[PDB]
Structure formats: structure tokens, C-alpha cells
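As stored in structure_25.txt (compact mmCIF, C-alpha atoms and all ligand atoms):
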```txt
# COMPACT_ATOMS: atom_id res chain seq x y z
CA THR A 35 86.80 118.64 119.37
CA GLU A 36 83.45 119.55 120.94
CA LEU A 37 83.65 120.26 124.69
CA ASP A 38 81.44 118.13 126.91
CA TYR A 39 79.11 120.24 129.09
CA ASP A 40 78.14 117.38 131.39
CA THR A 41 81.76 116.79 132.39
CA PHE A 42 82.88 118.80 135.42
CA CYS A 43 86.53 119.18 136.37
CA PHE A 44 87.36 120.34 139.94
CA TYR A 45 89.54 123.44 139.78
CA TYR A 46 91.56 125.19 142.49
CA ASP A 47 92.31 128.94 142.28
CA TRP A 48 94.30 129.21 145.52
CA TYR A 49 97.90 129.07 144.17
CA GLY A 50 100.17 132.10 144.51
CA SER A 51 103.57 133.38 143.37
CA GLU A 52 105.92 135.85 145.03
CA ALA A 53 105.85 137.95 141.84
CA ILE A 54 102.05 138.32 141.73
CA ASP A 55 100.74 137.49 145.20
CA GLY A 56 103.76 138.39 147.33
CA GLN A 57 104.04 134.76 148.54
CA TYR A 58 103.99 131.19 147.17
CA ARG A 59 100.51 130.49 148.52
CA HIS A 60 99.50 126.81 148.71
CA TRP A 61 102.86 125.69 147.21
CA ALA A 62 103.79 126.48 150.84
CA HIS A 63 101.45 124.60 153.16
CA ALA A 64 101.08 123.36 156.72
CA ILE A 65 101.78 119.68 157.28
CA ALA A 66 98.70 118.08 158.87
CA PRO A 67 98.80 116.54 162.36
CA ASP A 68 98.05 112.81 162.61
CA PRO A 69 94.38 112.46 163.73
CA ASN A 70 95.36 109.39 165.76
CA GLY A 71 98.66 110.92 166.89
CA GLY A 72 99.47 112.39 170.30
CA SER A 73 98.33 115.68 171.80
CA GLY A 74 101.25 118.08 171.31
CA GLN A 75 102.31 117.32 167.73
CA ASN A 76 104.55 119.69 165.83
CA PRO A 77 104.22 118.53 162.20
CA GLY A 78 105.83 121.61 160.61
CA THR A 79 105.32 123.28 157.23
CA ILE A 80 106.41 123.01 153.62
CA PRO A 81 108.10 126.26 152.53
CA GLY A 82 106.97 126.39 148.87
CA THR A 83 110.51 126.92 147.59
CA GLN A 84 111.45 125.52 144.15
CA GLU A 85 112.99 122.48 145.88
CA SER A 86 110.10 121.87 148.29
CA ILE A 87 106.41 122.25 147.41
CA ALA A 88 103.25 120.88 148.97
CA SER A 89 102.72 118.14 146.37
CA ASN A 90 104.08 114.69 145.62
CA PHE A 91 104.17 115.72 141.95
CA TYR A 92 105.60 118.86 140.30
CA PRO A 93 103.72 121.14 137.85
CA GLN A 94 105.09 121.75 134.38
CA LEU A 95 104.06 125.36 134.87
CA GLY A 96 106.07 125.59 138.12
CA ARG A 97 104.88 127.40 141.25
CA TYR A 98 102.26 129.41 139.46
CA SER A 99 99.82 132.11 140.53
CA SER A 100 96.14 131.36 139.98
CA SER A 101 95.80 135.11 139.13
CA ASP A 102 98.41 135.14 136.34
CA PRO A 103 96.56 135.87 133.05
CA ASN A 104 99.19 133.79 131.21
CA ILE A 105 98.54 130.81 133.47
CA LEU A 106 94.78 131.22 133.02
CA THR A 107 95.08 131.14 129.19
CA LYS A 108 97.23 127.98 129.47
CA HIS A 109 94.77 126.23 131.81
CA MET A 110 91.84 127.04 129.50
CA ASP A 111 93.72 125.56 126.51
CA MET A 112 94.30 122.47 128.70
CA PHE A 113 90.53 122.20 129.38
CA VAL A 114 89.97 122.32 125.58
CA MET A 115 92.61 119.58 125.18
CA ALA A 116 90.80 117.46 127.78
CA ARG A 117 87.33 118.14 126.17
CA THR A 118 86.08 119.08 129.68
CA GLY A 119 83.42 121.76 129.19
CA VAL A 120 82.85 122.81 132.82
CA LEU A 121 85.30 124.10 135.36
CA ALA A 122 84.01 123.51 138.93
CA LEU A 123 85.60 126.29 140.93
CA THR A 124 86.52 125.84 144.60
CA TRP A 125 84.78 128.54 146.64
CA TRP A 126 85.70 129.50 150.21
CA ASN A 127 83.72 132.70 150.90
CA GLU A 128 86.89 134.79 151.33
CA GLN A 129 84.82 137.90 150.88
CA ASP A 130 87.72 140.14 149.96
CA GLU A 131 87.84 141.97 146.71
CA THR A 132 90.75 139.82 145.65
CA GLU A 133 88.47 136.80 145.48
CA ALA A 134 86.04 138.74 143.28
CA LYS A 135 88.83 139.87 140.92
CA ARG A 136 90.13 136.29 140.61
CA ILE A 137 86.70 134.79 139.83
CA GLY A 138 86.23 137.54 137.25
CA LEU A 139 89.57 136.66 135.62
CA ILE A 140 88.64 132.92 135.49
CA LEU A 141 85.21 133.56 133.94
CA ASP A 142 86.72 135.87 131.26
CA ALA A 143 89.44 133.36 130.40
CA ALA A 144 86.99 130.42 130.31
CA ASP A 145 84.59 132.20 127.97
CA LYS A 146 87.33 132.80 125.36
CA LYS A 147 87.45 129.02 124.86
CA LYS A 148 83.71 128.45 125.51
CA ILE A 149 84.41 126.78 128.88
CA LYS A 150 81.64 127.20 131.49
CA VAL A 151 82.14 127.73 135.26
CA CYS A 152 80.07 126.46 138.18
CA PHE A 153 80.85 126.75 141.90
CA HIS A 154 82.08 124.09 144.31
CA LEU A 155 80.84 125.30 147.70
CA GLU A 156 83.40 124.34 150.32
CA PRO A 157 82.94 123.98 154.14
CA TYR A 158 83.91 127.59 154.68
CA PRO A 159 83.98 128.92 158.30
CA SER A 160 80.51 129.00 159.97
CA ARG A 161 78.82 127.70 156.80
CA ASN A 162 75.09 127.15 157.46
CA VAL A 163 71.89 127.23 155.38
CA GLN A 164 71.18 130.92 156.00
CA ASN A 165 74.60 132.20 154.85
CA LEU A 166 74.69 129.57 152.10
CA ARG A 167 71.42 131.08 150.79
CA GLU A 168 72.94 134.58 151.07
CA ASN A 169 76.00 133.38 149.13
CA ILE A 170 74.09 131.56 146.40
CA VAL A 171 72.11 134.78 145.93
CA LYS A 172 75.30 136.87 145.76
CA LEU A 173 76.96 134.46 143.27
CA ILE A 174 73.93 134.29 140.94
CA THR A 175 73.44 138.08 141.19
CA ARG A 176 77.10 138.88 140.53
CA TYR A 177 78.03 136.23 137.93
CA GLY A 178 74.74 134.77 136.65
CA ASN A 179 74.79 137.02 133.56
CA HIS A 180 78.37 136.20 132.62
CA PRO A 181 78.48 134.22 129.33
CA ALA A 182 80.69 131.56 130.96
CA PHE A 183 78.32 131.00 133.91
CA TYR A 184 77.15 127.39 133.83
CA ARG A 185 73.47 126.47 133.47
CA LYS A 186 71.86 123.09 132.85
CA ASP A 187 68.44 123.48 131.12
CA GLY A 188 68.26 127.04 132.55
CA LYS A 189 69.45 126.11 136.06
CA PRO A 190 72.70 127.04 137.82
CA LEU A 191 74.46 124.07 139.46
CA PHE A 192 76.38 123.98 142.74
CA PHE A 193 78.46 121.12 144.16
CA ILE A 194 78.31 121.12 147.97
CA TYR A 195 81.40 119.63 149.53
CA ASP A 196 81.06 117.84 152.90
CA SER A 197 77.31 118.50 152.80
CA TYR A 198 76.87 116.00 155.67
CA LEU A 199 78.20 118.68 158.08
CA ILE A 200 74.71 120.26 157.82
CA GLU A 201 71.78 118.08 158.93
CA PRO A 202 68.89 117.27 156.54
CA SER A 203 66.50 119.19 158.87
CA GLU A 204 68.60 122.28 158.03
CA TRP A 205 68.88 121.46 154.30
CA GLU A 206 65.12 121.11 154.00
CA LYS A 207 64.66 124.78 155.02
CA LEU A 208 66.65 125.76 151.94
CA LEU A 209 65.88 122.95 149.50
CA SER A 210 62.33 121.71 150.14
CA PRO A 211 59.63 123.39 148.05
CA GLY A 212 57.90 124.27 151.35
CA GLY A 213 61.17 125.21 153.10
CA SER A 214 61.15 128.27 155.38
CA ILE A 215 63.95 129.95 153.39
CA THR A 216 63.49 127.99 150.16
CA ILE A 217 65.24 128.74 146.89
CA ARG A 218 62.82 126.45 145.02
CA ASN A 219 60.70 128.26 142.46
CA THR A 220 62.61 131.50 143.14
CA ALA A 221 64.99 133.50 140.91
CA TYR A 222 67.78 131.69 142.87
CA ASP A 223 66.79 128.08 142.33
CA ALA A 224 69.67 125.83 141.31
CA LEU A 225 70.65 122.20 140.96
CA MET A 226 72.18 121.32 144.31
CA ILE A 227 74.57 118.39 144.22
CA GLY A 228 75.40 116.90 147.63
CA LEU A 229 78.26 114.64 148.62
CA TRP A 230 77.45 110.92 148.88
CA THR A 231 79.90 109.34 151.33
CA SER A 232 78.87 106.17 153.19
CA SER A 233 76.41 103.26 152.87
CA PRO A 234 72.96 103.53 151.17
CA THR A 235 71.26 103.07 154.58
CA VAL A 236 72.61 106.47 155.66
CA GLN A 237 72.98 108.23 152.31
CA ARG A 238 69.62 107.40 150.75
CA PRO A 239 67.48 109.10 153.42
CA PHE A 240 70.09 111.90 153.68
CA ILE A 241 69.71 112.84 150.02
CA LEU A 242 65.89 112.49 150.02
CA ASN A 243 65.31 114.34 153.34
CA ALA A 244 67.80 117.07 152.43
CA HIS A 245 66.09 117.61 149.04
CA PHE A 246 69.29 117.62 146.98
CA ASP A 247 68.73 117.41 143.23
CA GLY A 248 71.70 115.05 142.95
CA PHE A 249 74.87 113.64 144.42
CA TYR A 250 78.58 113.23 143.65
CA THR A 251 81.30 111.16 145.30
CA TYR A 252 84.38 113.42 145.00
CA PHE A 253 87.17 111.08 146.23
CA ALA A 254 89.74 110.05 143.62
CA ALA A 255 90.91 107.12 145.76
CA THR A 256 88.90 103.96 145.02
CA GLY A 257 87.54 102.30 148.14
CA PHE A 258 88.10 105.34 150.42
CA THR A 259 84.31 105.55 150.86
CA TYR A 260 81.32 103.50 149.76
CA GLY A 261 80.58 106.22 147.19
CA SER A 262 84.12 106.18 145.79
CA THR A 263 84.00 102.37 145.25
CA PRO A 264 83.19 102.14 141.51
CA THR A 265 81.56 98.69 141.73
CA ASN A 266 78.74 100.40 143.66
CA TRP A 267 78.05 102.86 140.86
CA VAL A 268 75.54 100.83 138.84
CA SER A 269 73.35 100.35 141.96
CA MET A 270 73.78 104.02 142.94
CA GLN A 271 72.69 105.09 139.44
CA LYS A 272 69.63 102.81 139.58
CA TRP A 273 68.56 104.39 142.90
CA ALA A 274 69.21 107.90 141.49
CA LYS A 275 67.05 107.14 138.47
CA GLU A 276 64.26 105.64 140.66
CA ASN A 277 64.18 108.78 142.82
CA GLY A 278 64.63 111.49 140.18
CA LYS A 279 68.14 112.40 141.38
CA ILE A 280 71.19 113.32 139.24
CA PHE A 281 74.20 111.06 139.93
CA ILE A 282 77.61 112.58 139.04
CA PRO A 283 80.27 110.03 139.98
CA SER A 284 83.81 111.37 140.44
CA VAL A 285 86.76 109.75 138.66
CA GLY A 286 90.47 110.49 139.16
CA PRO A 287 93.86 109.36 137.77
CA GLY A 288 95.30 108.44 141.18
CA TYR A 289 95.81 109.78 144.73
CA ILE A 290 98.70 110.64 147.06
CA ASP A 291 98.85 113.34 149.71
CA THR A 292 101.75 112.19 151.88
CA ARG A 293 103.79 115.39 151.58
CA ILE A 294 101.04 117.23 153.52
CA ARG A 295 99.59 114.17 155.27
CA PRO A 296 102.57 111.84 155.95
CA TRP A 297 100.39 109.52 158.07
CA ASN A 298 97.89 109.00 155.22
CA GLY A 299 99.76 106.38 153.15
CA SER A 300 96.94 103.81 153.10
CA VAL A 301 94.95 106.15 150.81
CA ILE A 302 97.70 106.09 148.13
CA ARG A 303 96.57 104.87 144.71
CA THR A 304 99.32 104.56 142.09
CA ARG A 305 98.63 105.80 138.54
CA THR A 306 100.23 102.67 136.96
CA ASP A 307 100.88 104.53 133.67
CA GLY A 308 97.25 105.48 133.20
CA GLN A 309 95.71 102.08 134.04
CA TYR A 310 94.10 103.33 137.24
CA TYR A 311 92.46 106.26 135.42
CA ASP A 312 91.23 104.02 132.58
CA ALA A 313 89.63 101.54 134.98
CA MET A 314 87.83 104.26 136.96
CA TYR A 315 86.55 106.31 133.99
CA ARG A 316 85.35 103.11 132.29
CA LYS A 317 83.33 102.18 135.40
CA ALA A 318 81.58 105.61 135.36
CA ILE A 319 80.69 105.21 131.67
CA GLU A 320 79.45 101.66 132.23
CA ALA A 321 77.16 102.83 135.08
CA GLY A 322 75.18 104.76 132.42
CA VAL A 323 75.29 108.08 134.27
CA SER A 324 74.23 111.35 132.68
CA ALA A 325 77.23 113.36 133.96
CA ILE A 326 80.75 112.78 135.22
CA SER A 327 83.03 114.77 137.52
CA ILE A 328 86.84 114.67 137.45
CA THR A 329 88.89 114.93 140.61
CA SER A 330 90.84 116.91 139.75
CA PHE A 331 92.28 119.46 137.37
CA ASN A 332 94.86 120.79 139.88
CA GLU A 333 94.46 119.57 143.43
CA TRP A 334 98.27 119.21 143.58
CA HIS A 335 98.27 118.54 147.36
CA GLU A 336 96.31 115.32 146.88
CA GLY A 337 98.06 114.06 143.74
CA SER A 338 94.73 113.73 141.89
CA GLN A 339 95.62 116.35 139.22
CA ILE A 340 95.37 115.80 135.42
CA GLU A 341 97.26 119.05 134.89
CA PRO A 342 100.70 118.35 133.25
CA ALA A 343 103.48 117.40 135.67
CA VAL A 344 107.26 117.04 135.00
CA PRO A 345 109.99 114.81 136.46
CA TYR A 346 111.97 116.69 139.15
CA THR A 347 114.31 115.74 141.98
CA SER A 348 115.69 118.10 144.65
CA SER A 349 117.73 117.82 147.86
CA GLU A 350 114.34 118.07 149.57
CA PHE A 351 112.34 115.44 147.72
CA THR A 352 112.14 113.04 144.79
CA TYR A 353 108.88 114.00 143.06
CA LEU A 354 106.66 111.45 141.41
CA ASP A 355 105.89 112.02 137.75
CA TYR A 356 103.83 110.53 134.92
CA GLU A 357 106.30 107.63 134.44
CA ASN A 358 106.19 106.20 130.85
CA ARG A 359 103.78 108.96 129.72
CA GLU A 360 104.24 112.55 128.52
CA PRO A 361 103.34 115.46 130.84
CA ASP A 362 100.10 116.08 128.88
CA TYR A 363 98.96 112.43 128.86
CA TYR A 364 96.16 112.74 131.46
CA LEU A 365 94.69 115.66 129.46
CA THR A 366 94.61 113.76 126.16
CA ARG A 367 93.48 110.56 127.90
CA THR A 368 90.66 112.53 129.51
CA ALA A 369 89.66 113.65 125.97
CA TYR A 370 89.65 109.95 124.98
CA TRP A 371 87.21 108.99 127.75
CA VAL A 372 85.02 112.06 127.21
CA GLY A 373 84.59 110.86 123.57
CA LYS A 374 83.60 107.41 124.83
CA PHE A 375 81.18 108.90 127.37
CA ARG A 376 79.54 110.99 124.61
CA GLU A 377 79.07 108.03 122.27
CA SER A 378 76.98 106.09 124.77
CA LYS A 379 75.51 108.91 126.89
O1 LIG B 1 87.28 120.64 147.07
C1 LIG B 1 86.92 119.64 148.04
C2 LIG B 1 88.12 119.28 148.91
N1 LIG B 1 89.19 118.72 148.07
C3 LIG B 1 90.35 118.18 148.75
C4 LIG B 1 90.97 119.35 149.51
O2 LIG B 1 91.32 120.32 148.51
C5 LIG B 1 89.95 119.97 150.48
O3 LIG B 1 90.52 121.09 151.17
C6 LIG B 1 91.25 120.64 152.32
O4 LIG B 1 92.53 120.08 152.03
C7 LIG B 1 93.45 120.94 151.34
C8 LIG B 1 94.74 120.21 150.99
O5 LIG B 1 94.50 119.12 150.13
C9 LIG B 1 93.73 122.16 152.22
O6 LIG B 1 94.52 123.10 151.51
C10 LIG B 1 92.41 122.84 152.57
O7 LIG B 1 92.66 123.92 153.42
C11 LIG B 1 91.45 121.86 153.23
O8 LIG B 1 90.22 122.52 153.41
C12 LIG B 1 88.69 120.44 149.73
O9 LIG B 1 87.72 120.95 150.68
```
Before we go any further, please render this structure as C-alpha cells.
Ligand SMILES: OC[C@H]1NC[C@@H](O)[C@@H](O[C@H]2O[C@H](CO)[C@@H](O)[C@H](O)[C@H]2O)[C@@H]1O
Amino acid sequence: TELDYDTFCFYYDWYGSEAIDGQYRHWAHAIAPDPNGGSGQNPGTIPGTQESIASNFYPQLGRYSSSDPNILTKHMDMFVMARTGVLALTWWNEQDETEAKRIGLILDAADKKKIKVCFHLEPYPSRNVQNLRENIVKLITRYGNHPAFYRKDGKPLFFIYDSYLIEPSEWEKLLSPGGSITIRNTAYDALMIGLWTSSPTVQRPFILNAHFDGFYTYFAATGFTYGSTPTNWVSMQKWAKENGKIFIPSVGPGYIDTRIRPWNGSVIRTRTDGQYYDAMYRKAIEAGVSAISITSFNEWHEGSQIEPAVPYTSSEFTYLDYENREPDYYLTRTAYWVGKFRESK
């Protein structure tokens, strides 16, 4: 029954409905050009109609709005069902007051069920260490006193997606104790969790020289990177422990993004009735880590979601579904692994 507060589930608040947002945002989505394709590609778009959404799966809740209070209550009950104590909220620096209202709604809904919220800092336009500092300050100032705001031993925690886009010489200005714009030992200090992608030869000095407090791996597809290859996790944890870093491996129930990335079929990982998820979660537990991240609650575009999905077929597409499992199976199976994680933590 207890929620686990070292289990972080990646959450996306970008979905819209006609009724609430005036358009089916994200259910409608651009199809991505092939990176190795020609020069003048015209991939098209997915309209976000009932028949055709930007996912290989279909949500039980339909084409929902992330701002719908009814949807928010349902998602928070699903977090409770999954025993996942922390919602890791995608954050794109939209800056409009709509973003603020939405974050406020999520924090209020989370706190009713004693869920905590931390921020997942995305590669927003012109992201750099100076505006990242400004934004961390704004987020802590604005939300740091909310009861649902996540802290570990007094410290806020931020996941930094695609952190490699900013060189360690830049990171050190923000994250070194002697950094020219440091947050260390200020009111705005936080646990900063960077993305580990490739081999230890590159990643080890990256993490040390950038002064991250920890690292995560994000990708739900096993083998996509060195960091998302679970057999590496024991050795990654031993390095983390040796160097005083927090390792938060990411586990997911599967992966498929071919509706929006039709050229990306080699990254597909089938769910095989839960067997994929079991194998990956088990590997994280066996690595003896102190925290786990789940990719994802509701990244519907990438087919990594544990949110309940239903069978559905339209003239546009035959959606995948949870096969010989109920719509809520990945929630309850998450709860099962969280219990196992807790027993040996
Ligand atoms: O949260 C980290 C990372 N997760 C996978 C994606 O959600 C990615 O965003 C990119 O891809 C999505 C579609 O899957 C697209 O909507 C978004 O605009 C891209 O930035 C995200 O950064």
C-alpha cells in the first residue's frame, strides 16, 4: 500500500482535447522525417481524430486533456495503484500562464494522494546553463513550498534530459562548488541527475567533470544505448557507488514509436505479455540501486506507457494492446516490482 518515494515515473502533461484545449494536442502530431532519408521529405501528420492518434496503442481514457481535473484524479489513483510515489513531470519552459496553471493542477491533484512531483528538464529552445539556473530558481521559488514538491533528504531533484547537449565546461559553472554561477550551497541547490548514454570511457568523465549528483538512462528500449543495456547496470552501479553518484536506472514495459517515426522499427521491443517488463525491472533490482525510474507513465508516442490501454481497430490503424492482460496490468505489475524493490533496497 505504501507509495515508494525513490521510484520516479516519467509523466507527460502535453495532451489536449477539443473540449478543454480547443484542439487534440499531441494526439495529433507531426510524423518525423527519416534522418537518413532524402532532402525534401514530406512525412505528413497524424490528425488526432478518434480513428487516428499519434500512438501505436490506445488509451482507456481516450484522447484526454492533461488539464482535465477528472483525468488528473484518475491518473493520481493510477499512481497509487502502481505504488509509484514520485511523478517526474516533463518541463519545456513554455512560459505562458497556461503552463503555470497546469503545473498547479498537477501538484494539487498529486498531494491529495500523497504523490510527490519533481521536474524533468527537457532540451527546451536555447537551453543553456544561465537560463537553466534562472529556471531552477523560478521553479523552486514558485513550487518549492507546495506540499507535493519532491525533496530527497531536504534537496529538490531534477532529471536533465539530453544533458550531453551542454558541455561539462558549461555544467561546471552551475554545478561545481567553485562554479561561477553555482547553485551549490545556495538556497537553490538540488540533486541534478544527468543522462548517461554511451560507453563508460565517455560517460564517466562527463558525469565527474559536469558535477552531476547522479545519472539515469531514460530509454525503455533495451540495447538502444550502452546505458539502456541492463547487463551493464551492475558495473554502472559499482562506479556510481565508488564516486559518490546516485544511479537511477530506467525500466520500461516495451517500446514502439512507428506511428510517428515509421523508419524507426529496429527500436521496437515487444511487451510479450509482461515478460519484457519483468526482465528489465528485475535487472534494476538485482543491480542493487537506491532508486529506479520508470519510462513511462504516459509517453503514448513511444509506446513505453504503463497507463491503461484498450484494444481498438479503426479504418486508419490496428492499434496494439496489452494482449492476454487487462488494461490495468502494467500498473498492478509495477506495484509488484516496487514491493520487491522495497524488500531488498
Ligand atoms: O522526456 C524525455 C524525452 N522522452 C521521449 C520524447 O517524449 C522526447 O520528446 C521528443 O519526442 C516526442 C515524441 O515522442 C515529441 O513530441 C517531442 O516534441 C520531442 O521533443 C522527450 O524529450
When the cut-off is 8 Å and you count all atoms listed in the file, which residues lie near ligand LIG 1 (chain B), shown as a list in words? residues 44, 46, 60, 63, 124, 154, 155, 156, 157, 195, 196, 252, 291, 294, 333, 334, 335 and 336 of chain A
Point-to-point distance from CA of residue 153 in chain A to CA of residue 186 in chain A, Å rounded to tenths: 13.3 Å
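Compared by their closest atoms to residue 366 in chain A, and using all atoms listed in the file, the residues A:340, A:64, A:280, A:194 rank with A:340 nearest.
Using all atoms listed in the file, the nearest neighbour of residue 118 in chain A within the list A:149, A:321, A:301, A:65 is A:149.
Close contacts of range 175-179 of chain A, defined as residues with an atom at most 12 Å away when counting all atoms listed in the file, with chain neighbours fewer than 6 positions off set aside, comprise residues 134, 135, 137, 138, 139, 140, 141, 142, 150, 151, 152, 153, 168, 169, 185, 188, 189, 190, 191, 221, 222, 223 and 224 of chain A.
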Restricting it to C-alpha atoms, dump the selection as an mmCIF file, in the coordinates of the input.
```
data_model
loop_
_atom_site.group_PDB
_atom_site.id
_atom_site.type_symbol
_atom_site.label_atom_id
_atom_site.label_comp_id
_atom_site.auth_asym_id
_atom_site.auth_seq_id
_atom_site.Cartn_x
_atom_site.Cartn_y
_atom_site.Cartn_z
ATOM 1 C CA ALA A 134 86.040 138.740 143.280
ATOM 2 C CA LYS A 135 88.830 139.870 140.920
ATOM 3 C CA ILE A 137 86.700 134.790 139.830
ATOM 4 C CA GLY A 138 86.230 137.540 137.250
ATOM 5 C CA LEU A 139 89.570 136.660 135.620
ATOM 6 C CA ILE A 140 88.640 132.920 135.490
ATOM 7 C CA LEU A 141 85.210 133.560 133.940
ATOM 8 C CA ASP A 142 86.720 135.870 131.260
ATOM 9 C CA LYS A 150 81.640 127.200 131.490
ATOM 10 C CA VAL A 151 82.140 127.730 135.260
ATOM 11 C CA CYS A 152 80.070 126.460 138.180
ATOM 12 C CA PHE A 153 80.850 126.750 141.900
ATOM 13 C CA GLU A 168 72.940 134.580 151.070
ATOM 14 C CA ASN A 169 76.000 133.380 149.130
ATOM 15 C CA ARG A 185 73.470 126.470 133.470
ATOM 16 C CA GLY A 188 68.260 127.040 132.550
ATOM 17 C CA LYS A 189 69.450 126.110 136.060
ATOM 18 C CA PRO A 190 72.700 127.040 137.820
ATOM 19 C CA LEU A 191 74.460 124.070 139.460
ATOM 20 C CA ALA A 221 64.990 133.500 140.910
ATOM 21 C CA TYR A 222 67.780 131.690 142.870
ATOM 22 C CA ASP A 223 66.790 128.080 142.330
ATOM 23 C CA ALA A 224 69.670 125.830 141.310
#
```
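Distances from A:278, A:239, A:337, A:261 to residue 318 in chain A were compared using all atoms listed in the file, and the smallest one belongs to A:261.
Going from CA of residue 37 in chain A over to CA of residue 376 in chain A, you cover 10.1 Å.
Reported to one decimal place, the separation of CA of residue 62 in chain A from CA of residue 360 in chain A is 26.3 Å.
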Surrounding residues of residue 269 in chain A excluding itself and chain neighbours under 2 positions, 12 Å, all atoms listed in the file, as a PyMOL selection string: chain A and resi 233-234+238+260-261+263-267+271-276+281+318+320-323
Shell around residue 82 in chain A at 12 Å using only C-alpha atoms, local window under 3 positions removed, as a list in words: residues 49, 50, 51, 52, 57, 58, 59, 60, 61, 62, 63, 64, 65, 79, 85, 86, 87, 88, 89, 92, 96, 97, 98, 293, 294, 335 and 350 of chain A
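Restricting the calculation to only C-alpha atoms, the smallest distance between residue 193 in chain A and any of A:171, A:115, A:80, A:227 is found for A:227.
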